[PDB]
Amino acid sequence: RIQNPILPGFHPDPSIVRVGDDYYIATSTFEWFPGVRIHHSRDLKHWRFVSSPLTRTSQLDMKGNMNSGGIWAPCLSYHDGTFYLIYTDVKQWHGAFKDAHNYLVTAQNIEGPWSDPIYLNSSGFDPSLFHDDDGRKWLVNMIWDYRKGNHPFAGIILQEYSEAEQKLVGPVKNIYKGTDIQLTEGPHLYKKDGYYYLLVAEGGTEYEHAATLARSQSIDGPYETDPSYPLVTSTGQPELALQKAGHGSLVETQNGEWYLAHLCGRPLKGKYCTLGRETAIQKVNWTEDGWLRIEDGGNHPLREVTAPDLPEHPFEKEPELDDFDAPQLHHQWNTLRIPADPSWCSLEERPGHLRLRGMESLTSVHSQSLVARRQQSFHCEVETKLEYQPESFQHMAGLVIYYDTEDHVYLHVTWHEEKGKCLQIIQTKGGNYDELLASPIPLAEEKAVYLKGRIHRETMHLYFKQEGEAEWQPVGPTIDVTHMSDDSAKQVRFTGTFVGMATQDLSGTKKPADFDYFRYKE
């Protein structure tokens, strides 16, 4: 009944939790603002967005963060009326070192106001807070060893957290080193039937990803690993619809049913995940000897999973069109690194329109006037109507298909010394700048411009037309979009393809661009 992925599009490292009859899943967001995405469900089959906790720079300051830095795997927990969110702001991750800082924020309501952060530690990423039944709280995270001849994933560390003193206290202990799959991370503690169960991610978040379970009678170990490890993986099985199965978290329903939420990838052309890592869920059963196993007795993720015995609770479908009539941006919209600010992103300066004022280029990791949403299907259509009056080639505004500063496609309106107002397509691939039209197409100075994109798996095509025109016109060649994916760069990438609006004023005059509406249809 449950159809995976449950959270399609960029939704990695799912952290699931049940509070009464409500289920929540928090996912990583990296450089995209606001930080941490939380979805809600009542039957595990239907899901809806409920909130994004990190909305203030006092909570998350990512200006200048390199691509795929920022918010890595998060942990959402609940205890005695309060929600606990543990997160990481990664400042440096390429190279021998890992500069990552872990924080904790709280709330009484999943959407309710979230507190400013309490700093925890920086010894490694993938932090997780465990609430033991004796009232004590513990933080586990992986420890990173940057030294020359050692495996960097040096294991799982444990240290007690004092809510009273709002800081970690006491000795730190390495409680588990993982298996031969290595790259042990994503630690999560669970207490069941007298055992402390330690779920961990292994093999790297790519095609060798996995989830392995271990247990011990004491919280600090030693931990014994499930002889039948790993619990889930897609490793040497190209036939699986869901690849990269790993980094999961466990939840028990009101009926005593157990489910494993985990990330996965759906590659195009063999290995290109344009949609990034998505969230899937599996039903898992406890074995006679105290371990967990996928419902079919196997070790692989299933695309279709048996749903829990709960009343069906579907949600109202999200609108296909955003006419920008509301004073606040729809929740599906995100910005890069920094929060949207009235100075460059306004819905009140010209009601019914999203006014963006041009800032830095699409290659900047600081301040870009870009607003976009996650592509969540391999087959979709995107369209917007733009009013822009460029006066220089340094003025551009339009429709963007964006992965990062190294890979993006941009159908935009600009100015040419000979043609005046015109249309052009910029494509940056592997960090290499290019223009897909030999010469820009002249546009009528006093007409709004319609921009459209249609994506079908590995390829897409762009279209446009001006106000008084009855038919859409194709523009540029068919474009292979697989370069915008987690797998096409020198090193792994952790986000996914986004679609949206952008404008830059490289002259510095903050030229405004008015987008009348934006449509996203799968």
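Start at 1 with the first residue shown and count on from there.
- Set 408-416 against 131-139 and average the Cα temperature factors; 131-139 ends up higher.
- With 314-322 and 275-283 compared on mean CA B-factor from the PDB entry, the stretch scoring higher is 314-322.
- Across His331, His209, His101, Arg373, the entry's maximum B-factor at the CA atom is seen for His331.
- Each of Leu85, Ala448, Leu263, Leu198 has a CA temperature factor in the record; the biggest one is found at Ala448.
- Sorting the modelled residues of the chain by their CA temperature factor places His379 in the middle third.
- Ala444: CA B factor in the highest third of modelled residues in this chain (values from the PDB entry).
- Annotation for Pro512: C-alpha temperature factor in the middle third relative to the rest of the modelled chain, per the entry.
- Per the PDB record, residue ranking by Cα B-factor puts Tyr78 in the highest third of the chain.
- Per the PDB record, residue ranking by Cα B-factor puts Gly112 in the highest third of the chain.
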